[PDB]
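Asks: Here it is: the structure, laid out below.
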Amino acid sequence: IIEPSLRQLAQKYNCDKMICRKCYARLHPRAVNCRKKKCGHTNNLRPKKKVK
Amino acid sequence: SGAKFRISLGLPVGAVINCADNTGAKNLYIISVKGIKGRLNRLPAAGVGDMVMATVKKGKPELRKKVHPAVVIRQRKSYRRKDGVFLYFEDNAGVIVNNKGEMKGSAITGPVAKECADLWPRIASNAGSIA
Amino acid sequence: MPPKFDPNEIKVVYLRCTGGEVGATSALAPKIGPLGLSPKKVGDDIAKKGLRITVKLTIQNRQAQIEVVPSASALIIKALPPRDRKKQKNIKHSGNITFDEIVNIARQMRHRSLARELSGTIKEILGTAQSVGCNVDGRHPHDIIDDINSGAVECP
Amino acid sequence: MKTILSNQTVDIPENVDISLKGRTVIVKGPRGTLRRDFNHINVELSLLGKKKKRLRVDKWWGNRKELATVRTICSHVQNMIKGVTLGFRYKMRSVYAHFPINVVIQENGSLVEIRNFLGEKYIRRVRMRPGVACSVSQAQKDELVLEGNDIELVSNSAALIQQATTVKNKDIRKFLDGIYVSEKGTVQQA
Amino acid sequence: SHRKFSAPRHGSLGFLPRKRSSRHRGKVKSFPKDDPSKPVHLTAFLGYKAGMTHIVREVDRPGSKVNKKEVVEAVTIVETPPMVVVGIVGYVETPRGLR
Amino acid sequence: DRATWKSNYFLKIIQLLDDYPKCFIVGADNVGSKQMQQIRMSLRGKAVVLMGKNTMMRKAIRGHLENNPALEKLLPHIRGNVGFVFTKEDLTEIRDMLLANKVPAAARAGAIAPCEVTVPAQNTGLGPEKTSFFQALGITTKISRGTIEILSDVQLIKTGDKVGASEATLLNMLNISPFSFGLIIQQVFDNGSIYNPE
RNA sequence: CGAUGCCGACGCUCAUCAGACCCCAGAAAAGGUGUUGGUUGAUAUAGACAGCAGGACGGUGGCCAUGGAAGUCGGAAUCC
RNA sequence: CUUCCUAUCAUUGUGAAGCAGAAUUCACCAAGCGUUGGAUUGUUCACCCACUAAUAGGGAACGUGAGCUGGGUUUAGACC
Ligand SMILES: [Zn+2]
C-alpha cells in the first residue's frame, strides 16, 4: 500500500527528470545542457514521459 | 529434481526406430533432436528419453508425410545408469507424442527404459513394464 | 460519498458542462454522483434553449442533487432558422436581443466574484463575463478599463 | 582573466576552535573533531581575531576554473562547522507497494539488511561509512536515521542503501518502491 | 574471405610449450597462502600411483535424482609411505623475487 | 523595469491618490493570489486597492521634492510588505474590516516557520478523504464527530521548522498557517496631516 | 643528432582519440552557459538580475467544436 | 585451419518508450565468447524443413591447388 506523500517523494527520484535526445542520459530536472561528452553537451532536451 | 544424467546418445539423425504404440505407425524417421545446440559438422544425437521430431515413413496414411514429435523409449546403444550397470535393450523404439508431452496412442508394447518413465509421466502411465 | 457513501460531510460541488442537449460528453447532470449512492435522477430533472453548453455548479447535501444553474449572466444570456452547427454567426446573436439591458439583472445579483467598486465595476465584469456578443456590438474591451471610478459613481 | 584577488571570509561560532596546519583544517566542537586536507587546490588560508573569530581564505592570480574553488573551500568548512556543532540527521523513508521492506540494523551502525524487497529472497546488506550510525526510527513506522558529524560520509552512506535497492528490468515509473531520502536536518536544530 | 561456417577452436593456447617436461615429478609452482592464525602444519605430500579400482557408497545430495542410492565411482590408489625430513631452507623477500 | 510599464506605474498610483481623498498604510503581508484577490474583493465596494513594486518607491523621490510633505517620516517604515488602499472610508473601518477577514492563505514550498499553531485533539474541518496523507509521517488519526479527528495534541508545529511540498498542503485544508499575520495598519496619511489610526 | 645548458618576450588549450610545419600522406554540413576574446540592444540608486514572498488566478469546461478538447485534434472566436 | 575487425544476432553491465507484466523495439562501454544439422543447384548467392540463447556482417593477393577435390568455366573427340 502506497500513500499520497510517498508517491510524490518517489516521483522526485524516478519520474521528474530531463532526458537528452542524442544520448538518452538522465539529467537533473532544471538542466538545459546534457552532462556527457559523448554527445557534445547538446541542448535538445525533452521531459521524461510520465505514465498514463 | 530435474536430473537427466548423461546417457550415451546412440540415435543420430537418420535413425529409423520401430514405433511402439497403437497409433498404427511402424517406423519413425528422426529428423532432428530437440534441445541440442550442436557444433560445426556434427549430427544431432537422440538418447533415451529425449523429445525428437520424427516423420512416420510406413503406416497409417493419415500419419505419414508430416512431422510428429516423438520420444525414444528403447535404444540399442549400451548406456550406463548411475550405479554401473550398462542396460541396453534389443531394438530402437519410440512413440508419437504431443509437444505438450502426452501420448497419442494408448497401448505401448514392450518394456520402457526407466529413464523415460521418470521424465514423461504420461508415458509411464501406459508402460507395460518399466525395465 | 464517492466509494460507498463514506461517513463524512459531503456538500460536493463540481464544474459540469453541457446543459440541455447531451453533447458528446454523453452526460448532463452528474460527474461524481452515481457511484456515491446519490442519484442523478433529480439532476436529470433540472437537465430538461440554450441547446448548448453551460457551466454548472451542482450541490449535493448528502442526499439531494439540487442542481443550480449559476447566476453568471453568460449562462443565462444565451438560454433566452434552426440554431444549427458550424456557426460562425458573428458572434452568436441575431443582433437584436437587447444586450445593454439583459446585463442589468446580472449586475444586481452577481455578488460572489471579481472585486467590485460601485456597480460600474460589476458592469465591466458582467459585460466581460459574457461571450454571446462580447460587449455589445463587436468593440471588445479596449479602453473601458478605467470606468471603475468614472462611470461607477455614475453607474446608479 | 587573471583576477588579482577574490577572497571569502568564514565567520565561525564562538563555541568552536579551528586550527590549520597550512591547508589541513581541523575543527573541533561539542561533538568531536574533523580533519580535512585541501591539497593540490592552491588557496592560502588565514585566520583573524581573538577566539578565532573569522577564517579568511585567499586566492591570488586566479583564472576562472581556478577561481571557483575559493568558495568551495569556504562551503565545506561551513559543513565542518555545522556538522560538529549541530550534527547531521538524514531522514529517509521506505516506500513499498508490493509487501513490506524488512530492514533490521544487525549491529550498532552497520549491516543494514533489507529483506523481502519486491518479494526477493536476497538479503541486501550494506555497511555504512565509519562513524555513521544507523537506527530504525522509533518516531515513525518506516524510517531509518543516519547520524554523523561529516556530510560526505553521512550523505554518501545514505546513497548506498538508496541505490542498493534498485528495481531492474521493470518500468521504473510504475514500480515505485525502495528506500528514498526525505529530510536533511541536524541533530539539534532550533 | 571469412570462414564460411563459424567453429570453436582446437586445443588450448594456455598450454603451449607442448613439449617434454624438464622435471620427472611434479613441481608445485605456488604453495597455499598461510593464514597465521592457524597452528603450523605441512602443505604437500609425495605419493606413488598404484592403479585404479571401484568403490560403492551412498549419497545424500538433497534434490538429486540419485539421493539415498548406491553409486559406483572409479578411484585411484596412491601409495604414500611416510617421508623423512632432512633439511631446512629459509626464504627472504626481495624486490626482484624470492631468494 | 520597462519604460511604459514604469510611466504607467507613475500614472496609476499618482491618479489614485488624487482620485480618492486619502490613502491608508495597510500591511499587505504574504498572502495567496486568489486569497489576496478576495482582499481586493472584500475591500472594494467604494474603494481602490493597489499593490506597487515600483509605484511605492516614488515616495522617496516625492519626499525630497516635498509634495504631500514629510514622507521621510514614513519611508524606511515599509520594511515588510505593507500597502496602500485608496478609499473614501475612515481610519477605523479600514483597520477592522481587514482584521475581520483574517485570510488563511495557502503557503509556499521550502519556506521557514517563525509562527506556530497549536494542534489540539479535536475536529476543525476535514471532509471526505483518507488519513493516509497524515499516515505518511506517522500520525494516525481516527474518524469521529464528522470530520477526521487528529488525536495528537503535542506541539507538532515549532519555530523555524522546514516545510515540504506536502507540508503546507496539510495546513491548507485544516486552514491553519505558520504565517498568520493578516492585514495590519499603524500609519495614516491625511492631506499633509500625518496620522496613525484613530 | 652538429646547434637555445637564452634563467628568451606576450598570450591561447585539457584532450578516457590532444597537437606538432610547403608539395604531404593532419575529413565535412552541423553543434557545445568547455574556454578567451569581440559586435549589437538593453537595466541599475523614479536601485539592479537572484533568493527569500505570493503562483498557472477566478466569472468559466468562456462561447463553441461536438471532432470526444476544464491549456491540447482543430474554431470566425479567445476578455475582464 | 589459424587470426583479425565492428558497422552487435545471442550473452554480462546499462540508458528510453505511446513500458502495467510477457514479448519488445532506439541507443551506450563492449569482439571475451558462441553464430548449427539437412533436400535442390558446380555454385558464391537463393529458397526451404528442424533445433536453438541468435542461427549478425566481414577482411587476410575477391586467405587457402608443391593442402585436396576438378562439379563449371576454358584446348583437343562429339550431339542439338
Ligand atoms: Zn546527451
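Protein chains in written order, with our numbering: chain A, 1 to 52; chain B, 1 to 131; chain C, 1 to 156; chain D, 1 to 190; chain E, 1 to 99; chain F, 1 to 198.
By construction, the Cβ of each residue, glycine as well, lies at the ideal position given by its N, Cα and C atoms.
Determine contact between the segment 1 to 18 of chain C and the segment 116 to 131 of chain B, defined as no fewer than three beta-carbon pairs at a distance below 8 Å.
Replies: With the cut-off at 8 Å, the segment 1 to 18 of chain C and the segment 116 to 131 of chain B do not touch.
Asks: Which chain E residues sit within Cβ distance under 7 Å of B/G84?
Replies: Within 7 Å Cβ-Cβ: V72.
Asks: Taking Cβ positions only, does D/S182 come closer than 8 Å to chain A?
Replies: It does: the Cβ of D/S182 has a partner Cβ on chain A nearer than 8 Å.
Asks: Where do the N-terminal and C-terminal ends of the beta strand (DSSP E) with D/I101 fall, by residue?
Replies: Segment: none, D/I101 is in no beta strand (DSSP E) and carries neither H nor E.
Asks: Have a look at F/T131 and D/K141 and give me their C-alpha separation to the nearest angstrom.
Replies: Roughly 15 Å between the two C-alpha positions.
Asks: Measuring CA to CA, which of F/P128, F/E167 and F/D96 is closest to F/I139?
Replies: Checked all of F/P128, F/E167 and F/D96; the closest Cα to F/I139 is F/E167.
Asks: Whole angstroms are fine: how far does the CA of C/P82 sit from the CA of C/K92?
Replies: Approximately 13 Å, taken between the alpha carbons.
Asks: What residues from the segment 126 to 160 of chain F come within 9 Å of chain A, judged by C-beta to C-beta, listed N to C?
Replies: Hits within the stretch, in order: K130, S132, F133, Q135, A136 and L137.
Asks: Are B/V33 and B/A45 closer than 8 Å when you measure CB to CB?
Replies: Yes, Cβ-Cβ distance for B/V33 and B/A45 is below 8 Å.
Asks: Report the residue from C/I59, C/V69 and C/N61 whose alpha carbon sits nearest the alpha carbon of C/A47.
Replies: It is C/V69.
Asks: Under the assumption that F/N172 contacts F/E149 (Cβ atoms under 8 Å), give the Cβ distance between them as a whole number of angstroms.
Replies: At roughly 18 Å, the Cβ-Cβ gap does not stay under 8 Å, so F/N172 and F/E149 are not in contact.
Asks: Evaluate F/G192 with the Cβ neighbour count: other Cβ atoms within 10 Å of its Cβ, from every protein chain shown; 16 or more gives buried, anything less gives exposed.
Replies: The residue is exposed, with fewer than 16 neighbouring Cβ atoms inside 10 Å.
Asks: Consider the Cβ of F/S177: report whether some Cβ of chain A lies at a distance smaller than 8 Å.
Replies: Output row for F/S177: interface = no.
Asks: Taking 7 Å as the cut-off, is the CB of A/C23 close to at least one heavy atom of ligand 3?
Replies: Among the ligands in the structure shown, ligand 3 does not appear; only ligand 1 can be found there.
Asks: Check whether the Cβ of A/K17 sits closer than 7 Å to any heavy atom of ligand 1, and report yes or no.
Replies: Not under cutoff, so the answer is no.
Asks: Quick one: does the C-beta of A/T42 sit closer than 7 Å to a heavy atom of ligand 1?
Replies: Yes, the Cβ of A/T42 comes within 7 Å of a heavy atom of ligand 1.
Asks: Going along the chain, which residues of its own chain have a beta-carbon closer than 6 Å to the beta-carbon of D/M128, five neighbours each way excluded?
Replies: Excluding residues within five positions, the ones whose Cβ falls inside 6 Å are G109, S110, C134 and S157.
Asks: Just the chain E side, please: which residues come within less than 8 Å of B/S1 by C-beta, in chain order?
Replies: Near B/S1 (Cβ distances below 8 Å), the residues of chain E are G63, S64 and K65.
Asks: In chain order, which continuous runs of the beta strand (DSSP E) of length 3 or greater are located wholly inside the segment 43 to 116 of chain F?
Replies: Segments of the beta strand (DSSP E) lying fully in the segment 43 to 116 of chain F: 47 to 50 and 83 to 87.
Asks: Step through the CB atoms of chain B and report whether any lies within less than 8 Å of the CB of E/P8.
Replies: Chain B contact via Cβ: present.
Asks: Measuring straight from C-alpha to C-alpha, what distance separates E/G87 and D/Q106?
Replies: Distance between the alpha carbons of E/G87 and D/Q106: 51 Å.
Asks: Are three or more beta carbon pairs between the segment 48 to 55 of chain B and the segment 69 to 89 of chain B nearer than 8 Å?
Replies: Touching, yes, given that three or more Cβ pairs across the two stretches are closer than 8 Å.
Asks: According to DSSP, is B/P69 part of a helix, a strand, or is it coil?
Replies: In the structure shown, B/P69 sits in a strand (DSSP, three-state: E or B).
Asks: Is any heavy atom in ligand 1 found nearer than 7 Å to the beta carbon of A/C20?
Replies: It does: the Cβ of A/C20 is within 7 Å (strictly closer) of some heavy atom of ligand 1.
Asks: Going by the beta-carbon positions, is the gap between D/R35 and D/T24 smaller than 8 Å?
Replies: Yes; because the gap between Cβ atoms is below 8 Å, this pair is in contact.
Asks: Is it right to say C/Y14 is buried, meaning 16 or more other beta carbons lie within 10 angstroms of its own, or is it exposed?
Replies: Burial call: exposed.
Asks: Are the C-beta of C/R62 and some C-beta of chain F separated by less than 8 Å?
Replies: No, because no Cβ of chain F sits closer than 8 Å to the Cβ of C/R62.
Asks: Which residue or residues does DSSP assign as beta-bridge partners of F/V188?
Replies: Bridge partners of F/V188: F/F24 and F/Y195.
Asks: Let's test the definition: count the other Cβ atoms within 10 Å of the Cβ of D/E113 and tell me whether it reaches 16, buried, or not, exposed.
Replies: Burial call: exposed.
Asks: Less than 8 Å between the C-beta atoms of B/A124 and B/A113, yes or no?
Replies: For B/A124 and B/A113, no; Cβs fall outside 8 Å.
Asks: For E/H54, which residues from the same chain have a beta carbon less than 6 Å from its beta carbon, with the 5 sequence-adjacent residues on both sides left out?
Replies: Only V72 meet the Cβ criterion.
Asks: Could you check whether the Cβ of A/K36 sits closer than 7 Å to any heavy atom belonging to ligand 1?
Replies: Yes - ligand 1 has a heavy atom lying nearer than 7 Å to the Cβ of A/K36.
Asks: Can you name the residues of chain A whose CB is closer than 7 Å to the CB of F/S42?
Replies: Here the premise fails: no neighbours, minimum Cβ distance about 33 Å.
Asks: Under 9 Å Cβ-Cβ, which residues of chain E neighbour B/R39?
Replies: Chain E residues near B/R39: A7 and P8.
Asks: Quick check on F/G83: buried or exposed, where buried means 16 or more other Cβ atoms within 10 Å of its Cβ?
Replies: So F/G83 ends up on the buried side.
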